[PDB]
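The chain below stands alone and is given in structure tokens; this is the form solved without the ligand.
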């Protein structure tokens, strides 16, 4: 019945049944947003929402093979996802060992693309027999790129010139750096479009990817700049100048997050025996595919075979924002002849905008932390903040370089 169920809620929600909580929502006694709190167990809230969603689907038995039980919804509710109806298993494979900077790495890769892990693994094997890869973090700084307007272009020119002064920058740094412990503002980058002004705030973020933090610092820095210029309107805390989750030449040219380089020398014997091609044939494909080919297609930053495959697989496995694959896959793969008789293959990848972290986001979840622990970069680095995030970026660049090696070889062979 209806009105007797109503009273039991006032006196806990554990004493009702599934059907009786949705006898009170299909008939509208209680409204359909308060379910969140009333129920005490997290997994029962998900069950109820699956049953409510069930009623609206033409095929309600769809949900049966979408799993949901035995998952830790405590770290997900109010942090990583809303309207949660379960989870989506992504098969994880391992490619390694990856000999990178004198260590070995077993790299997890969440994908449903056949042969991708097997290909990457072969690439790691070739790198290993050639003495391993070396890599460097060239730069580190997440950004946010708001757009403010002033009454005139002459005004925004004066605000820009004031920001490029020592005194102006320092007042904006103080406001930015007071919001957070890792908020340390580097040189600004501005651009005028008439009376519009786009300001690129850049800062290291510890081991976090850093968008929450960079945003808070940006908001306070715009508030201080508003005191200094009261006529200034703050249009959008992001004006696409960052640039987050969209292709942009500013990320390719200035960097965003970690800028990283990676290299390796593959002996001629190893190129023939493992990779089934030659050094000549590899350089010929790299030149005419990754350079000339991408050039004919009108690419900015896409001078690689399939960096996006590897970045995405690692990102999903390691609790990253997979959407940031758009910019994070920016890569240029270079190949040339090397060694005494010019038969060995030098290879390098440069990825100037890897947006990555080992704290926050999906790295708070325990399964994702398992993959980060495989690599030895899980959570913050207590003695050198940001080194875990930098190490993971190095790993992605090296694994990307392994995947470039392997796929390019298979293409050169036929």
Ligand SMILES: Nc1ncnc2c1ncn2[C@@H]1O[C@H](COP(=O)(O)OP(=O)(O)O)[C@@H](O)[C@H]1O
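Numbering follows the first chain given and starts at 1.
Omitted from view is the form deposited with the ligand bound, to which the following refers.
Between 51-59, 359-367, 341-349, 66-74, the stretch whose residues reach within 4.5 angstroms of the ligand in the deposited complex through a non-hydrogen atom is 359-367. With the partner removed from view, the residue among 182, 303, 176, 315 that has a non-hydrogen atom within 4.5 Å of the ligand in the deposited complex turns out to be 182. Scanning 330, 333, 279, 205 against the ligand in the deposited complex with a 4.5 Å heavy atom cut-off leaves one residue, 205. Contact between residue 212 and the ligand in the deposited complex is found at the 4.5 Å heavy atom cutoff. For residue 380, a non-hydrogen atom is located within 4.5 Å of the ligand in the deposited complex, even though that partner is not displayed.
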